[PDB]
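Below is one structure, written out as structure tokens; comments come after it.
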Amino acid sequence: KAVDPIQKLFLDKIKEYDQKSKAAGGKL
Amino acid sequence: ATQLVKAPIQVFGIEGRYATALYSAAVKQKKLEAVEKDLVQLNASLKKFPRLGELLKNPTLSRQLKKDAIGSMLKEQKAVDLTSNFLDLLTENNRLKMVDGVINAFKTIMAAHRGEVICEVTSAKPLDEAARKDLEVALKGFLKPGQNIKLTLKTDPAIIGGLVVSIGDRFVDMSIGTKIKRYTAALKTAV
Amino acid sequence: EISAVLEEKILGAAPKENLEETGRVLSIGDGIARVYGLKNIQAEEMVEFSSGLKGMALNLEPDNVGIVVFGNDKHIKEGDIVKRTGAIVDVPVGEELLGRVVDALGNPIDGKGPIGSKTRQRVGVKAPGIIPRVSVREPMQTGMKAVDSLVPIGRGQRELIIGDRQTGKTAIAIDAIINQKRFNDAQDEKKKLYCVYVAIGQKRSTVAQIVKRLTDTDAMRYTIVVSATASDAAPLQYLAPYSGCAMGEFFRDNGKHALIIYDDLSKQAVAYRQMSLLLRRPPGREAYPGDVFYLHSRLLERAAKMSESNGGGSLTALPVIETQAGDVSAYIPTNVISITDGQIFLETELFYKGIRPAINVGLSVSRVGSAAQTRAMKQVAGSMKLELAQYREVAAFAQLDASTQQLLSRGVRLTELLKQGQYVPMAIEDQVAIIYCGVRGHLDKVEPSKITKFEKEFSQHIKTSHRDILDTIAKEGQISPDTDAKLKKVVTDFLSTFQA
Amino acid sequence: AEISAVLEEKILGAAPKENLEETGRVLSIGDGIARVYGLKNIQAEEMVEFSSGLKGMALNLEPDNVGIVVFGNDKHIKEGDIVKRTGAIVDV
Amino acid sequence: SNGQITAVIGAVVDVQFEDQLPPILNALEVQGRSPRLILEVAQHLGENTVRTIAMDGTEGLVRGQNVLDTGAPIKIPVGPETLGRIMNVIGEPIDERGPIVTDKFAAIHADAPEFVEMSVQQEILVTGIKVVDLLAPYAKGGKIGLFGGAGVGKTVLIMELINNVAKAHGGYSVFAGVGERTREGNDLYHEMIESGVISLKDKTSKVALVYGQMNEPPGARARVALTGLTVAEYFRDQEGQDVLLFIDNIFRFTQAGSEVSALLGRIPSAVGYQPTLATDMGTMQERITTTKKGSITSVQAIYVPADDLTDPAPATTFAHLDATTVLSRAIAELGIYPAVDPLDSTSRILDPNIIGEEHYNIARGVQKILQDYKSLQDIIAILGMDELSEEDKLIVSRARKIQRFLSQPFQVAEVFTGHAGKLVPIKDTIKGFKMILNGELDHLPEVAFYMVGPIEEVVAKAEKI
Amino acid sequence: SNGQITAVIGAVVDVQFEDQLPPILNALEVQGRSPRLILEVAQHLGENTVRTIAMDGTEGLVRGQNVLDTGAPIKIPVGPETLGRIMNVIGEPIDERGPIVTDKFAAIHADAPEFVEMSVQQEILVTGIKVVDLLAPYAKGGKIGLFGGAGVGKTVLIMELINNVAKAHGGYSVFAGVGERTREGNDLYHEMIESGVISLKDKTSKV
Amino acid sequence: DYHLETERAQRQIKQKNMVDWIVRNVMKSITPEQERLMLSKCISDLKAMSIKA
Ligand SMILES: Nc1ncnc2c1ncn2[C@@H]1O[C@H](COP(=O)(O)OP(=O)(O)OP(=O)(O)O)[C@@H](O)[C@H]1O
Ligand SMILES: Nc1ncnc2c1ncn2[C@@H]1O[C@H](COP(=O)(O)OP(=O)(O)OP(=O)(O)O)[C@@H](O)[C@H]1O
Ligand SMILES: [Mg+2]
Ligand SMILES: [Mg+2]
């Protein structure tokens with residue numbers, strides 16, 4: 001599939017934030 | 001009426017009427033390239049000395065002085081009879097104040113006549129080496145045979161990244177800055 | 001939870017930047033954009049600007065295209081890129097819009113999420129002709145006693161609600177919307193009705209209060225609210241009646257029945273006057289353009305009763321007109337009166353005296369009439385109309401004989417009988433019983449101040465231990481003289497039981 | 001007067017043989033008003049005859065064209081039709 | 001030849017032709033369009049481009065779309081085969097009964113009859129309406145105009161005239177619905193079915209219907225009246241018959257002409273009207289006439305915008321008519337139906353040498369009594385009836401009796417009210433108004449004069465009270 | 001960027017930017033005038049020129065004079081430091097008591113609140129005045145409309161409204177004198193000082 | 001209703017700071033090698049559109 005680099009980068013940053021939020025226990 | 005290539009472009013206005021009449025006159029004869037280059041030289045001489053343009057665009061001065069000055073500055077350019085008659089027609093109807101328009105309209109012709117399509121490419125930063133030549137290769141396949149590309153390059157850091165490409169018929173905004181802008185706008189308006 | 005929604009919004013936001021014949025904005029101002037380019041664009045075609053706004057290609061000039069912008073003009077600058085959508089101006093339609101508040105373009109503004117619409121319909125659609133139309137014969141039940149008796153409305157009819165400001169026009173319209181809950185909750189699909197409310201030029205707080213009132217009464221489940229408030233642009237206020245009419249035309253063309261209310265068309269005409277004056281068009285009567293009659297006529301002609309070969313659908317319009325000092329001789333009210341089939345005039349003088357709804361019986365008529373009523377309602381409303389005509393004939397000069405005093409007392413009791421509270425519409429059987437008690441002289445010994453209390457207690461008494469009477473009325477569909485005598489006896493028994 | 005035919009014949013120096021002093025051609029016709037190129041020797045409030053036999057009167061003498069009011073239906077008048085001046089004002 | 005669409009704005013389509021230009025008023029058929037989009041040429045713009053008004057909607061039209069010249073104006077079928085059929089502006093049948101199979105066609109644009117083709121016969125047509133047959137009588141062959149505002153009653157008066165005249169006529173009939181409700185056209189069509197004037201099973205239909213209504217674009221509403229005129233002109237000239245032509249209404253034709261006037265690049269006239277309103281109305285109305293070849297009695301409704309009589313469109317239409325029937329909103333507020341203004345209706349047949357000396361004297365006496373009452377109303381509204389003298393009280397009482405007796409229950413209006421419609425002979429009308437003017441009925445209440453046909457019903461209703 | 005004035009007619013100034021244009025309703029400052037002259041963009045005329053309306057007089061404006069766009073609409077100082085002070089349209093202190101030294105600035109052009117943000121239910125603003133409370137009660141988030149002038153005690157009524165709203169509800173007040181006479185503005189300013197609504201000594205001013 | 005409003009307010013605050021941090025990190029996510037890769041991909045897409053004539 002012709003996945004745009006910006007969309008993939010946005011998804012990677014969202015997954016990174018979700019993992020960090022799990023590391024932070026869901027805090028801001 | 002007028003025998004030509006039947007409007008290679010769509011140029012309007014009274015200045016467009018004058019430019020199409022001059023194109024028809026210079027394509028019935030074999031003097032199209034000569035009248036193009038002396039109009040380019042005339043426009044360069046007018047832009048070189050703004051006092052000449054102020055002399056031509058002065059309603060106080062009589063039209064006989066204007067056509068004498070036009071003939072005087074066309075003698076040194078070694079002009080042809082067609083552009084002399086064109087400038088005499090412009091100063092006869094007191095329409096020489098728009099002499100910058102008709103030449104620009106005449107510059108709008110010989111782009112479709114020569115197949116040159118205007119392309120504008122804007123980048124976040126100016127690039128070379130690996131750039132430029134591949135852009136020309138990509139743009140070469142965008143045309144039917146018999147047409148060429150006239151490319152103008154611009155730089156603007158406000159677009160963050162990506163590229164802004166515009167052709168004479170269509171536009172594409174495949175740039176990083178606009179992409180992240182509409183993505184953030186979508187995220188704000190939805191979540 | 002949130003991350004899944006973010007992924008869905010990112011995946012659905014595909015740019016797809018291919019082909020895209022475009023144009024450049026030469027100049028922006030006064031809500032009209034001139035666009036250089038777009039050679040193959042169609043007339044009235046929807047376009048998208050670079051800022052996300054949308055517009056309609058109005059003028060197909062040689063060197064430019066004049067585009068009417070559906071939004072504010074501060075988001076568009078000189079040299080912006082205008083993309084054509086390839087479609088004439090259309091809005092989403094369907095049953096997905098039920099329970100939703102959308103703008104003039106169909107974008108939801110209630111925050112409930114996207115609308116899962118499957119079909120879109122254009123807003124500039126011609127009206128049906130003579131052959132696909134049949135006579136209006138089904139009743140439209142607004143639940144107002146005065147409207148259902150004196151100025152009846154049928155399905156497919158265009159009935160005008162005209163009056164000054166703060167006279168109860170929106171109250172009548174919202175009560176008409178709320179009254180359809182009994183039909184919508186029932187099993188008869190033919191009697192179900194889908195409502196559309198188009199708010200044009202109103203305040204946003206007023207529309208929020210209306211939506212809350214519809215949500216509390218559970219009338220929102222069959223209602224679409226199209227909102228174009230006072231802070232919105234004039235093209236949005238102009239487009240909203242046509243977008244709502246297209247949403248009602250969906251139910252009209254699919255064999256369903258839709259009731260649509262434009263509150264109010266005078267503000268839409270003001271927005272269209274602003275658009276025309278910014279287009280340098282020649283002003284006419286009261287500085288209005290000369291096609292404002294055509295604007296309302298092409299809007300309201302789409303509300304009609306279809307034939308059985310067209311699905312048997314219908315669209316009912318209730319336009320709202322706000323007058324100045326009660327003048328029905330103005331330009332816009334005379335236009336809508338000539339277009340529609342009847343009007344419901346609301347008086348400021350009656351509104352100041354506490355008569356609510358303040359319906360002027362002498363001015364509010366309906367050209368359909370007997371075909372828009374049930375048999376029992378028509379049978380009692382003919383006598384009510386004759387008695388109110390006699391009362392208005394004898395009270396004009398008496399400002400006496402025993403007959404004249406009897407007619408005056410009867411007319412006073414009928415006038416107090418027709419008064420109804422806000423947001424509480426009545427079923428047609430309750431209205432038929434109430435007008436029957438008023439007409440037949442059952443209120444002759446009752447003071448006019450106690451008619452409302454008698455009406456509530458009689459309704460409670462009928463619903464308590466007289467269910468067989470309602471069953472007999474529903475089975476017969478009218479009032480037979482034997483059931484008339486039985487009703488007179490039980491009314492006499494009830495009034496003797498209440499006081500003796 | 002700057003039309004495509006006039007500009008074509010003035011760039012090339014054609015010097016056309018149509019003597020437009022006593023005649024003219026219609027530039028435009030609409031709603032009983034005819035703008036006519038030519039009629040150089042026409043005078044104000046003078047009667048003219050069109051190619052279809054209709055009559056007209058010259059009310060506007062502009063440096064570019066002549067404004068003619070048409071004494072009849074303008075469907076018989078076309079753009080480029082020949083208009084001949086009668087030489088006299090209207091008489092009855 | 002073949003042309004291409006170069007501009008679409010509203011109902012105005014500019015098309016450019018390559019070789020030859022179609023003439024003015026020529027019909028052009030758009031190619032690639034399903035329901036026969038027809039454009040009528042209005043003006044030659046120049047540079048081989050012409051400007052047209054569309055007879056239908058202009059949605060879905062792209063630039064460069066092919067259009068074909070038909071070489072003729074809009075031709076509409078004319079003859080006995082058009083009787084009982086419904087046609088649109090371009091003459092196509094819209095009643096879903098098949099094509100109109102005829103051999104005769106005619107253009108909807110024709111020149112007016114000349115000054116030598118005029119008849120000056122003035123014979124009174126009896127309508128059965130007291131206010132009509134007394135104050136503004138109608139003529140057998142001639143133009144009748146029902147002026148009225150919004151909701152004052154013109155369709156009811158049109159249907160009453162059709163019921164009272166067209167059924168017992170014998171010659172022929174044509175109805176032209178122009179910019180009105182499609183519900184009205186459906187109801188009139190079914191009414192003529194039930195009354196036997198149209199036969200769906202066989203021939204001997206007497207009325208032909210042409211309908212272009214208010215849902216149509218302004219190009220269609222500005223030409224459907226000419227289509228109905230063309231049907232009536234064929235029935236008058238080529239057959240030598242007596243024709244009844246009913247048009248409802250003329251103002252929609254002259255308003256649809258003004259809706260496209262701004263899109264034709266014209267300077268607007270006063271109060272934003274078309275600058276060629278008078279000439280277009282003149283060329284339309286002069287075709288409706290009674291000639292030496294045949295007779296046409298025409299009844300046309302006219303709408304007054306915002307209840308104004310000094311509006312340019314009704315003020316132009318006033319000079320083109322023989323009999324005028326002006327309907328007032330204030331009279332309709334008083335419950336008098338039909339709400340005919342007695343002091344604003346003229347006929348030009350109201351002459352003592354045409355309709356009789358007694359009829360003329362009674363009508364002028366009624367008009368003088370009502371004018372005196374109108375002059376007294378200013379003092380009545382302030383000082384009341386007490387300050388009036390005895391002759392003023394007699395004037396007021398007789399004028400109120402006259403105003404009540406001018407009202408008449410109509411047969412077509414019974415569904416609105418319930419009163420039986422009454423047909424009043426003109427001799428009974430002049431006898432009843434002579435009785436009222438002579439003071440022979442001053443002892444009766446005025447309510448007995450309300451909604452009754454003859455003076456015998458006045459006496460019976462007074463004795464009933 | 002930097003623009004140059006190309007036309008001056010009345011209070012209408014045409015300014016040409018040879019760069020990216022400022023948007024509509026954007027604030028521009030003339031870089032030569034010693035009083036702070038502010039121009040507000042009305043429309044885009046084309047050819048990289050904008051048309052502006054001036055917030056002050058245009059007397060010694062020269063063609064080609066430098067104009068700096070602020071990148072925003074007219075921003076004014078906002079905060080508790082504005083209470084008791086008179087500022088003009090552009091936020092400059094006109095009461096001659098020094099700078100307003102706020103940290104917060106806000107643009108005078110903004111959108112109305114959205115459909116979700118609107119308050120569903122209505123409420124009554126008390127204001128402590130018997131006739132107003134009883135017969136014509138005010139509503140929170142509403143517009144009233146005050147009729148009558150000259151000697152009917154309008155100034156005392158509005159100063160008591162300021163006093164009662166600040167004393168009971170705790171909210172402050174803002175007076176916007178639109179087109180008011182300078183004599184009447186001076187009279188109202190000194191009446192508010194005299195009535196204790198405006199305090200020139202401590203920070204208890206309310207308007 | 002208090003629990004619903006508290007959870008909705010915390011969710012709104014979480015969404016707002018997540019969006020702002022995503023914007024800041026995306027502005028911090030740009031590397032020159034990925035910029036060259038994105039420019040090459042844009043050129044390839046432009047060439048692919050040039051093929052589709
Ligand atoms: N039948 C009724 N019983 C009681 N109150 C009523 C009734 N009808 C209307 N009202 C009240 O009258 C007021 C005005 O009614 P409404 O807002 O519906 O009128 P409107 O004509 O739409 O006014 P506006 O011009 O502001 O839109 C409201 O306070 C409403 O509650
Ligand atoms: N003769 C009549 N008897 C009783 N009622 C009448 C009569 N004439 C008119 N009316 C009343 O006036 C109403 C208006 O009638 P009608 O529709 O014919 O008016 P109109 O002038 O044609 O209106 P529009 O211009 O809007 O078409 C009727 O529906 C009826 O209520
Ligand atoms: Mg309202
Ligand atoms: Mg009518």
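Residues are named by chain letter and number: chains run A, B, ... in the order of the structure tokens, numbers start at 1 in each chain, and ligands are numbered from 1 in the order shown.
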
Next item on the list: Would you please extract all helix (DSSP H, G or I) residues from segment 322-462 of chain E, as assigned by DSSP on the backbone, and give them as a PyMOL selection string?
Entry: chain E and resi 329-333+357-383+390-406+414-417+426-437+446-449+455-462

Output C-alpha atoms for every residue in the selection just made, as a PDB file, in the first residue's frame.
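In the end it all went to again-v1.pdb:
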```
ATOM      1  CA  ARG E 329     -59.005  43.402  -0.102  1.00  0.00           C
ATOM      2  CA  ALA E 330     -60.989  45.810   2.090  1.00  0.00           C
ATOM      3  CA  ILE E 331     -64.279  44.620   0.594  1.00  0.00           C
ATOM      4  CA  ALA E 332     -63.224  41.017   1.227  1.00  0.00           C
ATOM      5  CA  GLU E 333     -62.508  41.965   4.850  1.00  0.00           C
ATOM      6  CA  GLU E 357     -81.242  53.664 -20.577  1.00  0.00           C
ATOM      7  CA  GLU E 358     -82.727  52.093 -17.439  1.00  0.00           C
ATOM      8  CA  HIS E 359     -79.701  49.843 -16.900  1.00  0.00           C
ATOM      9  CA  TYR E 360     -77.299  52.779 -17.306  1.00  0.00           C
ATOM     10  CA  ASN E 361     -79.320  55.056 -15.012  1.00  0.00           C
ATOM     11  CA  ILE E 362     -79.548  52.405 -12.290  1.00  0.00           C
ATOM     12  CA  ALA E 363     -75.797  51.718 -12.479  1.00  0.00           C
ATOM     13  CA  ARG E 364     -74.889  55.413 -12.269  1.00  0.00           C
ATOM     14  CA  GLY E 365     -77.308  55.902  -9.377  1.00  0.00           C
ATOM     15  CA  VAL E 366     -75.719  53.015  -7.476  1.00  0.00           C
ATOM     16  CA  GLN E 367     -72.258  54.473  -8.115  1.00  0.00           C
ATOM     17  CA  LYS E 368     -73.348  57.915  -6.904  1.00  0.00           C
ATOM     18  CA  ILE E 369     -74.878  56.448  -3.733  1.00  0.00           C
ATOM     19  CA  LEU E 370     -71.712  54.486  -2.951  1.00  0.00           C
ATOM     20  CA  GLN E 371     -69.530  57.537  -3.637  1.00  0.00           C
ATOM     21  CA  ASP E 372     -71.653  59.624  -1.255  1.00  0.00           C
ATOM     22  CA  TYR E 373     -71.350  56.899   1.384  1.00  0.00           C
ATOM     23  CA  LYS E 374     -67.571  56.824   0.911  1.00  0.00           C
ATOM     24  CA  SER E 375     -67.445  60.595   1.392  1.00  0.00           C
ATOM     25  CA  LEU E 376     -69.576  60.339   4.550  1.00  0.00           C
ATOM     26  CA  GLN E 377     -67.436  57.549   6.047  1.00  0.00           C
ATOM     27  CA  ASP E 378     -64.807  60.030   7.263  1.00  0.00           C
ATOM     28  CA  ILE E 379     -67.328  61.894   9.436  1.00  0.00           C
ATOM     29  CA  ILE E 380     -68.980  58.607  10.476  1.00  0.00           C
ATOM     30  CA  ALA E 381     -65.694  57.165  11.763  1.00  0.00           C
ATOM     31  CA  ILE E 382     -65.209  60.108  14.181  1.00  0.00           C
ATOM     32  CA  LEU E 383     -68.556  61.664  15.145  1.00  0.00           C
ATOM     33  CA  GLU E 390     -81.854  62.422   7.906  1.00  0.00           C
ATOM     34  CA  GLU E 391     -80.874  62.382   4.230  1.00  0.00           C
ATOM     35  CA  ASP E 392     -77.371  61.239   5.197  1.00  0.00           C
ATOM     36  CA  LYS E 393     -78.868  58.405   7.253  1.00  0.00           C
ATOM     37  CA  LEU E 394     -81.003  57.393   4.262  1.00  0.00           C
ATOM     38  CA  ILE E 395     -77.899  57.497   2.052  1.00  0.00           C
ATOM     39  CA  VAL E 396     -75.952  55.309   4.493  1.00  0.00           C
ATOM     40  CA  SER E 397     -78.804  52.810   4.923  1.00  0.00           C
ATOM     41  CA  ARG E 398     -79.453  52.425   1.190  1.00  0.00           C
ATOM     42  CA  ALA E 399     -75.721  52.209   0.451  1.00  0.00           C
ATOM     43  CA  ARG E 400     -75.262  49.446   3.023  1.00  0.00           C
ATOM     44  CA  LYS E 401     -78.227  47.594   1.505  1.00  0.00           C
ATOM     45  CA  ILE E 402     -76.663  48.077  -1.945  1.00  0.00           C
ATOM     46  CA  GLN E 403     -73.296  46.754  -0.732  1.00  0.00           C
ATOM     47  CA  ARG E 404     -74.935  43.670   0.785  1.00  0.00           C
ATOM     48  CA  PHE E 405     -77.012  43.052  -2.349  1.00  0.00           C
ATOM     49  CA  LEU E 406     -73.903  43.272  -4.547  1.00  0.00           C
ATOM     50  CA  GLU E 414     -70.159  26.577  -2.169  1.00  0.00           C
ATOM     51  CA  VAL E 415     -67.434  24.232  -0.882  1.00  0.00           C
ATOM     52  CA  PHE E 416     -65.888  27.247   0.852  1.00  0.00           C
ATOM     53  CA  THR E 417     -69.149  28.426   2.431  1.00  0.00           C
ATOM     54  CA  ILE E 426     -79.918  40.798 -15.571  1.00  0.00           C
ATOM     55  CA  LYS E 427     -83.581  41.866 -15.581  1.00  0.00           C
ATOM     56  CA  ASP E 428     -83.878  40.630 -11.997  1.00  0.00           C
ATOM     57  CA  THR E 429     -80.682  42.532 -11.182  1.00  0.00           C
ATOM     58  CA  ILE E 430     -81.911  45.860 -12.547  1.00  0.00           C
ATOM     59  CA  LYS E 431     -85.340  45.317 -10.960  1.00  0.00           C
ATOM     60  CA  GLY E 432     -83.813  44.609  -7.548  1.00  0.00           C
ATOM     61  CA  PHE E 433     -81.466  47.586  -7.648  1.00  0.00           C
ATOM     62  CA  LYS E 434     -84.279  49.833  -8.876  1.00  0.00           C
ATOM     63  CA  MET E 435     -86.340  48.681  -5.892  1.00  0.00           C
ATOM     64  CA  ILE E 436     -83.471  49.492  -3.518  1.00  0.00           C
ATOM     65  CA  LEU E 437     -82.807  52.894  -5.117  1.00  0.00           C
ATOM     66  CA  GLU E 446     -79.661  44.857   5.721  1.00  0.00           C
ATOM     67  CA  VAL E 447     -78.723  41.302   6.753  1.00  0.00           C
ATOM     68  CA  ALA E 448     -81.591  40.078   4.561  1.00  0.00           C
ATOM     69  CA  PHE E 449     -79.754  41.627   1.589  1.00  0.00           C
ATOM     70  CA  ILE E 455     -84.810  40.501  -4.654  1.00  0.00           C
ATOM     71  CA  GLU E 456     -87.423  37.812  -3.960  1.00  0.00           C
ATOM     72  CA  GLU E 457     -84.847  36.047  -1.796  1.00  0.00           C
ATOM     73  CA  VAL E 458     -84.340  39.381  -0.015  1.00  0.00           C
ATOM     74  CA  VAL E 459     -88.050  39.555   0.809  1.00  0.00           C
ATOM     75  CA  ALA E 460     -88.124  35.878   1.830  1.00  0.00           C
ATOM     76  CA  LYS E 461     -85.069  36.245   4.080  1.00  0.00           C
ATOM     77  CA  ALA E 462     -86.512  39.400   5.654  1.00  0.00           C
TER      78      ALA E 462
END
```

Next item on the list: List all protein, DNA and RNA residues that have at least one atom no more than 8 Å from any atom of ligand 1, counting only C-alpha atoms and all ligand atoms, and write them as a PyMOL selection string.
Entry: chain C and resi 163-172+202+263+322+356-358+419-423

Next item on the list: Tell me, as a PyMOL selection string, which residues lie within 9 Å of residue 81 of chain F, counting only C-alpha atoms; anything in the same chain fewer than 3 positions away does not count.
Entry: chain F and resi 77-78+84-85+100-102+203

Keeping N, CA, C and O atoms, export the residues of the selection given above as a tab-separated table (two decimals), in the first residue's frame.
```
chain	number	residue	atom	x	y	z
F	77	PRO	N	-4.56	45.89	26.00
F	77	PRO	CA	-4.26	45.28	27.30
F	77	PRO	C	-5.54	44.95	28.05
F	77	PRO	O	-6.49	45.74	28.07
F	78	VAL	N	-5.57	43.77	28.66
F	78	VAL	CA	-6.73	43.33	29.42
F	78	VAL	C	-6.26	42.85	30.78
F	78	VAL	O	-5.12	42.39	30.95
F	84	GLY	N	-10.64	51.07	36.43
F	84	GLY	CA	-10.36	52.43	36.84
F	84	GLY	C	-9.58	53.25	35.85
F	84	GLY	O	-9.30	54.42	36.12
F	85	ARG	N	-9.22	52.67	34.71
F	85	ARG	CA	-8.44	53.36	33.69
F	85	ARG	C	-9.29	53.54	32.44
F	85	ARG	O	-10.20	52.75	32.17
F	100	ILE	N	-0.52	50.93	31.44
F	100	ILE	CA	-1.41	49.98	32.09
F	100	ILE	C	-0.68	48.72	32.56
F	100	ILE	O	-1.21	47.99	33.40
F	101	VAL	N	0.54	48.49	32.06
F	101	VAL	CA	1.51	47.44	32.44
F	101	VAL	C	0.90	46.06	32.68
F	101	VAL	O	1.41	45.28	33.49
F	102	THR	N	-0.16	45.73	31.95
F	102	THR	CA	-0.70	44.38	32.03
F	102	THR	C	0.21	43.41	31.30
F	102	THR	O	1.01	43.78	30.44
F	203	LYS	N	-6.60	49.81	44.72
F	203	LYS	CA	-7.00	48.94	43.61
F	203	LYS	C	-8.39	48.36	43.82
F	203	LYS	O	-8.64	47.20	43.50
```

Please, which residues in chain C fall within 10 Å of ligand 2 when counting only C-alpha atoms and all ligand atoms, and what is the closest atom pair and distance in Å to one decimal for each, ordered by chain then residue number, as a Markdown table?
```
| residue | atom | partner | partner_atom_place_in_ligand_line | distance |
| --- | --- | --- | --- | --- |
| C:334 | CA | ligand 2 | 26 (O) | 8.6 |
| C:335 | CA | ligand 2 | 26 (O) | 8.6 |
| C:336 | CA | ligand 2 | 26 (O) | 8.9 |
| C:337 | CA | ligand 2 | 26 (O) | 6.4 |
| C:338 | CA | ligand 2 | 26 (O) | 3.7 |
| C:339 | CA | ligand 2 | 26 (O) | 6.5 |
| C:340 | CA | ligand 2 | 26 (O) | 7.8 |
| C:341 | CA | ligand 2 | 26 (O) | 8.0 |
| C:342 | CA | ligand 2 | 29 (O) | 8.2 |
| C:363 | CA | ligand 2 | 31 (O) | 9.9 |
| C:364 | CA | ligand 2 | 31 (O) | 9.7 |
| C:365 | CA | ligand 2 | 31 (O) | 6.6 |
| C:366 | CA | ligand 2 | 29 (O) | 7.1 |
| C:367 | CA | ligand 2 | 29 (O) | 4.7 |
| C:368 | CA | ligand 2 | 29 (O) | 8.2 |
| C:369 | CA | ligand 2 | 29 (O) | 9.3 |
```

Item checked: Nearby residues, ligand 4, 7 Å, only C-alpha atoms and all ligand atoms, as an MDAnalysis selection string -> chainID E and resid 153:155 180

Item checked: One-decimal distance in Å that lies between atom CA of residue 331 of chain C and atom CA of residue 344 of chain C -> 17.6 Å

Note to self: So that I can check the surroundings of residue 18 of chain E, please list as a PyMOL selection string every protein, DNA and RNA residue that reaches within 10 Å of it, counting only C-alpha atoms and ignoring chain neighbours fewer than 2 positions away.
What the structure shows: chain E and resi 1-4+16+20-21+47-49

Kindly export the residues of the current selection with N, CA and C atoms, as a CSV table (one decimal), in the first residue's frame.
```csv
chain,number,residue,atom,x,y,z
E,1,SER,N,-27.3,25.5,-38.7
E,1,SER,CA,-26.0,24.7,-38.4
E,1,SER,C,-26.1,24.2,-36.9
E,2,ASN,N,-24.9,24.1,-36.3
E,2,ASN,CA,-24.7,23.6,-35.0
E,2,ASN,C,-24.0,24.6,-34.1
E,3,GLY,N,-24.5,24.8,-32.9
E,3,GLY,CA,-23.8,25.8,-32.0
E,3,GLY,C,-23.4,25.1,-30.7
E,4,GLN,N,-22.7,25.8,-29.9
E,4,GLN,CA,-22.1,25.3,-28.7
E,4,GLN,C,-22.4,26.3,-27.6
E,16,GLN,N,-22.9,29.9,-29.1
E,16,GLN,CA,-22.1,30.4,-30.2
E,16,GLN,C,-22.2,29.4,-31.4
E,20,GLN,N,-23.7,29.7,-39.4
E,20,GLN,CA,-24.8,30.6,-39.6
E,20,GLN,C,-25.6,30.8,-38.3
E,21,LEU,N,-26.1,32.0,-38.1
E,21,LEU,CA,-26.8,32.3,-36.9
E,21,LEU,C,-28.3,32.1,-37.0
E,47,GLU,N,-20.3,38.5,-32.7
E,47,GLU,CA,-19.2,37.6,-32.8
E,47,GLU,C,-19.7,36.2,-32.9
E,48,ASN,N,-20.8,36.0,-33.7
E,48,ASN,CA,-21.4,34.7,-33.9
E,48,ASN,C,-21.9,34.0,-32.6
E,49,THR,N,-22.3,34.8,-31.6
E,49,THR,CA,-22.9,34.3,-30.4
E,49,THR,C,-24.2,34.9,-30.2
```

Spatial neighbours of residue 494 of chain C, 10 Å, only C-alpha atoms, chain gap at least 6 places, as a compact mmCIF listing (two decimals) with N, CA and C atoms, in the first residue's frame:
```
# COMPACT_ATOMS: atom_id res chain seq x y z
N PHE C 454 -62.42 22.62 33.88
CA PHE C 454 -63.40 21.63 33.46
C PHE C 454 -62.83 20.76 32.36
N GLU C 457 -60.44 18.24 33.90
CA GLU C 457 -61.09 17.22 34.72
C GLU C 457 -61.94 16.31 33.84
N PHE C 458 -62.56 16.87 32.80
CA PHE C 458 -63.34 16.05 31.88
C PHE C 458 -62.44 15.12 31.10
N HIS C 461 -61.66 12.40 33.41
CA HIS C 461 -62.80 11.53 33.64
C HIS C 461 -63.02 10.61 32.45
N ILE C 462 -62.79 11.13 31.24
CA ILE C 462 -63.01 10.30 30.06
C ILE C 462 -61.93 9.23 29.99
N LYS C 488 -74.20 13.51 25.83
CA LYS C 488 -74.91 14.56 26.55
C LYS C 488 -75.31 14.10 27.95
```
